[PDB]
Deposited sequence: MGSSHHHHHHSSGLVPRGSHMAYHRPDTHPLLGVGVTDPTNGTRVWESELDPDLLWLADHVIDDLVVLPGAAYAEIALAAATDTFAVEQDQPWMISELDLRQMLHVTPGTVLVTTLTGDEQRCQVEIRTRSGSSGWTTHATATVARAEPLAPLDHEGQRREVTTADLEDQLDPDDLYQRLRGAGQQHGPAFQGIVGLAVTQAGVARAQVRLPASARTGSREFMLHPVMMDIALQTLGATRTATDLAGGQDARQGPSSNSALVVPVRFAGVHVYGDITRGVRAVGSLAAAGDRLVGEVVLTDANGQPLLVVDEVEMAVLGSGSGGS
């Protein structure tokens, strides 16, 4: 009953830093279903889950979704090969804390893949659609080398505003369901929410694919797995493009909102 991504923790008495190691294998539940250029790469959303899971395991809190992620940098993609060991540290207090997520090659070597700053949760017109075919979006993304398996195909309905906002109908697929219990936030479900940015006009106007590299302000209010509508916008500023996405209830209540998703073109 231990967290399938985070694994088992131990606090280093020398410095109060907490440390978890975890065995990752491509054949792990629906990891196989997120691939890039024929390589299984762990989805960015996973780091968010790990960071939350790490905070929860460290500090007991009565609140249901007690954390928000101030920010999260996706410093390097992790190609999930057999017997990958994923190593998480956490420092800081129960108000604010830093997570860092690495993989370890043997002993004496680590590669940092993500860093997150977790904090306590803060509580809670002729823009009309061109209907779109989800199967098109997926086939396009397959063409740009991103192969979403069955578990990650949560976009069951899709459309774009004239303003270029992607509005999507999402259902967490069957294959993604199993193993679900242990997650503070379901990485597949979040990934799905995030895939809408790919349908945003800025993104489409851009082979090569656009991918998140940074999150800021990820808010969780419930079992996003219950989320059914996902709306993503993506503007281009500076040299850099940044979107928001928000995932909602059947009763239109926000389940997950990420205030900022910095994106970047990747050669494929």
Per the record, deposited positions without any C-alpha are 1-26, 151-163, 246-258, 321-325
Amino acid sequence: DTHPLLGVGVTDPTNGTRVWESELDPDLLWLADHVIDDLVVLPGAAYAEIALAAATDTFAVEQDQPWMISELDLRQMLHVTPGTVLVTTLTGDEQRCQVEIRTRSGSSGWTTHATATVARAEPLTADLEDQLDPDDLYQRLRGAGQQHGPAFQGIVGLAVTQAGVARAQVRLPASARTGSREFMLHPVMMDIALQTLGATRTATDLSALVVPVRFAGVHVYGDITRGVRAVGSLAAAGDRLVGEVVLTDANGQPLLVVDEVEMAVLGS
From here on, numbers count along this sequence of modelled residues.
Between 59-67 and 226-234, the record assigns the higher mean Cα B factor to 59-67
As stated in the PDB record, which stretch has the larger average Cα B-factor, 236-244 or 49-57?
236-244
Options 76, 195, 95, 88 - largest CA temperature factor per the record:
95
Sorting the chain's modelled residues by C-alpha B-factor and splitting them into thirds places residue 16 in the middle
State the tercile, meaning the lowest, middle or highest third, of residue 163 with respect to the CA B-factors recorded for its chain.
highest
Entry-reported C-alpha B-factor of residue 263 relative to its chain, by third, is lowest
Would you check the entry's CA temperature factor for residue 104 and let me know if it's in the chain's lowest, middle or highest third?
middle
Mind checking which third residue 186 falls in for C-alpha B-factor across the chain?
lowest
